[PDB]
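I have placed the structure first, in the form of structure tokens, so that the comments after it can refer back to it.
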Amino acid sequence: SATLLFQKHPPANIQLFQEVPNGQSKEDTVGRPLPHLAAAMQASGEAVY
Amino acid sequence: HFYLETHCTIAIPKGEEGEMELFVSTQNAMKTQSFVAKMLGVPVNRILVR
Amino acid sequence: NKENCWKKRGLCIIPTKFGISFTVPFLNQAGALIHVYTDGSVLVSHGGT
């Protein structure tokens, strides 16, 4: 192993979290994985810094 | 009326979510705000009149 | 580690606890300002950035 060149292994990612109550209203986003509200504009370069 | 300062408006488009900030010579910021929002087709909370 | 002389692996599991709040009491205050315009759209403003 002292003669082996850096070898990268396949990445594995698992995220576990809790689902919101079964009958929770679709309009109630508390507890849901809602993306950052400005993410799309940040990805487009429209977000102003 | 002959107000010494005639009608004037400066409109600044932010480029985000339809946001716009306007500097206006008006006695009615509320109507200015709603009328601009109506013409643009965006919610009133996106328009700022000063 | 028994089979490798010039490369070694390590493992460690650690816990953590972090106190929540400013330790100076007076900074633990927050304000918000909300307007509902006539079309029903809501503009929220708060002290956070």
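Convention: chains lettered A, B, ... in structure tokens order; per-chain residue numbering from 1; ligands numbered from 1 as shown.
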
Would you give me, as number ranges by chain, the residues in chain A that DSSP reads as helix (DSSP H, G or I)?
-> A: 39-44

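Distance criterion 8 Å to chain A, applied with only C-alpha atoms, yields residues 4, 6 and 7 of chain C on chain C.
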
At a cut-off of 8 Å, list the chain C residues touching chain B, using only C-alpha atoms, as a list in words.
-> residues 37, 39, 41, 42 and 43 of chain C

Can those selected residues be exported to a file as a PDB file, in the first residue's frame so that it contains N, CA, C and O atoms?
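Result written to result-v7.pdb:
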ATOM      1  N   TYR C  37     -51.000  43.956   2.763  1.00  0.00           N
ATOM      2  CA  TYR C  37     -51.508  44.948   1.829  1.00  0.00           C
ATOM      3  C   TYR C  37     -52.920  44.572   1.395  1.00  0.00           C
ATOM      4  O   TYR C  37     -53.375  43.455   1.653  1.00  0.00           O
ATOM      5  N   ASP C  39     -54.243  43.598  -1.302  1.00  0.00           N
ATOM      6  CA  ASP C  39     -54.452  42.490  -2.230  1.00  0.00           C
ATOM      7  C   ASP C  39     -54.256  41.191  -1.465  1.00  0.00           C
ATOM      8  O   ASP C  39     -54.340  40.103  -2.032  1.00  0.00           O
ATOM      9  N   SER C  41     -51.443  40.300  -0.035  1.00  0.00           N
ATOM     10  CA  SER C  41     -50.036  39.904   0.018  1.00  0.00           C
ATOM     11  C   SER C  41     -49.443  40.422   1.323  1.00  0.00           C
ATOM     12  O   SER C  41     -49.784  41.516   1.784  1.00  0.00           O
ATOM     13  N   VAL C  42     -48.550  39.633   1.911  1.00  0.00           N
ATOM     14  CA  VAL C  42     -47.938  39.980   3.189  1.00  0.00           C
ATOM     15  C   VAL C  42     -46.442  40.266   3.094  1.00  0.00           C
ATOM     16  O   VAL C  42     -45.699  39.520   2.464  1.00  0.00           O
ATOM     17  N   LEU C  43     -46.011  41.354   3.725  1.00  0.00           N
ATOM     18  CA  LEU C  43     -44.600  41.712   3.739  1.00  0.00           C
ATOM     19  C   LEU C  43     -44.128  41.600   5.180  1.00  0.00           C
ATOM     20  O   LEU C  43     -44.624  42.303   6.058  1.00  0.00           O
TER      21      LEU C  43
END

Define the interface residues of chain B facing chain A as those within 8 Å, counting only C-alpha atoms, and report them as an MDAnalysis selection string.
-> chainID B and resid 14:16

I need the chosen residues saved as a PDB file, in the first residue's frame, with N, CA and C atoms.
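What landed in part_13.pdb:
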ATOM      1  N   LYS B  14     -34.940  45.722  -9.091  1.00  0.00           N
ATOM      2  CA  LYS B  14     -33.937  44.965  -8.341  1.00  0.00           C
ATOM      3  C   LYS B  14     -33.456  43.713  -9.076  1.00  0.00           C
ATOM      4  N   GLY B  15     -34.335  43.118  -9.872  1.00  0.00           N
ATOM      5  CA  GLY B  15     -33.959  41.926 -10.608  1.00  0.00           C
ATOM      6  C   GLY B  15     -34.286  40.658  -9.847  1.00  0.00           C
ATOM      7  N   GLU B  16     -34.866  40.819  -8.659  1.00  0.00           N
ATOM      8  CA  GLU B  16     -35.243  39.703  -7.798  1.00  0.00           C
ATOM      9  C   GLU B  16     -36.735  39.652  -7.513  1.00  0.00           C
TER      10      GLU B  16
END

As a count of residues only, which residues of chain B does DSSP assign to strand (DSSP E)?
-> 13

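Across the structure, CA of residue 29 in chain C and CA of residue 49 in chain C are spaced 14.6 Å apart.
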